[PDB]
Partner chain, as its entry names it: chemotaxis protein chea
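Just one chain is shown here, as structure tokens, and it is the form solved without its partner chain.
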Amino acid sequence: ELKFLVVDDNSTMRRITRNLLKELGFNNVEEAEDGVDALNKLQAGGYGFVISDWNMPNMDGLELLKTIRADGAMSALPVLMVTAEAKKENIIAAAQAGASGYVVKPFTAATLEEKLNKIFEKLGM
């Protein structure tokens, strides 16, 4: 099934996220610790959905998005962006960069499932 890549420099939050997906019925989850590490794996190919935090070292979430978007082979990857902030100028940034959606943390498996389904709905999966 859908192979997810959870990107976040916080080991705990990657853990929570990995678990909410597990609960939602997605056990094919892999993880990365920053944009650079994420891209290193994405280039290997095989991932179907990307969930990344906004603030990370080396390569943050927004640059990780622009890069993914600019790479013809990774251009089609749905990227769900996780922010701590509610709705400032970030959501516009992600919107312009081409995010598939955002979700403020922390979140419940219910909020997550709803966002996943809105995205799944637009792409038709």
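Positions refer to the first chain, counted from 1.
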* **Comparing 5 to 13 with 113 to 121, the one whose average Cα B-factor in the PDB entry is higher** => 113 to 121
* Structure fact -> Mean Cα B-factor check, 73 to 81 vs 90 to 98, entry values; winner is 90 to 98
* Asked: When the CA B-factors of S52, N55, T67, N28 are compared as recorded in the entry, which is the largest?
  -> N28
* Looking at the entry's B-factor column for C-alpha atoms only, identify whether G45 ranks in the lowest, middle or highest third of its chain. => highest
